[PDB]
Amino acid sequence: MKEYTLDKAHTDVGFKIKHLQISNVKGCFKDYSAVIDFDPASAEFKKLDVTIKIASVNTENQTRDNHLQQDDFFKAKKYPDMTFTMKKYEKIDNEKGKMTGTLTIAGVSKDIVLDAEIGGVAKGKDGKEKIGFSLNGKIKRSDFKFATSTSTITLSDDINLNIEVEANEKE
């Protein structure tokens, strides 16, 4: 038997423990087109049709964006774009209204409600019109059989849509 004294400089009293953390993935699409028909006399949308190129997704991260295009997500080879088609605008007042339309994600279609909030209807620098408005609503991955392989535990069933639009008059 013999007696020792730790050399504290090269000794290490250590532990490891696993925990979970919840976080929001935020992201946009860099490339989309839309058609916007709006009557400032009555503050009613007449036609709103959007097409979004799935390929142009951006969640501030290279390898996750790529991964979004694969079979377990968007299948962008087979279904290159997602689309929104307004079917009904129900006015609340001049600042607010309830938009119903058809969303299509990878060829599956469902009718959704978005909350229209008019941010401000003006006549621009040049005397030609502008508008600023937002569309907000929650959709369920499950309603579109989207990412069915990924559990509703790992990644939430709810997707929050925030569409913020500024827009100018035509011709």
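Note that residue numbering follows the sequence shown and begins at 1.
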{"property": "Average Cα temperature factor in the PDB entry - higher stretch of 67 to 75, 88 to 96", "result": "67 to 75"}
{"property": "Higher-B stretch (mean Cα B-factor, as the entry records it), 99 to 107 or 28 to 36", "result": "28 to 36"}
{"property": "Out of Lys145, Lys47, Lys128, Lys138, highest CA B-factor residue", "result": "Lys128"}
{"property": "Third assignment of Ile17 from its chain's C-alpha B-factors", "result": "lowest"}
{"property": "Chain third (lowest, middle, highest) by recorded CA B-factor, residue given as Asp115", "result": "lowest"}
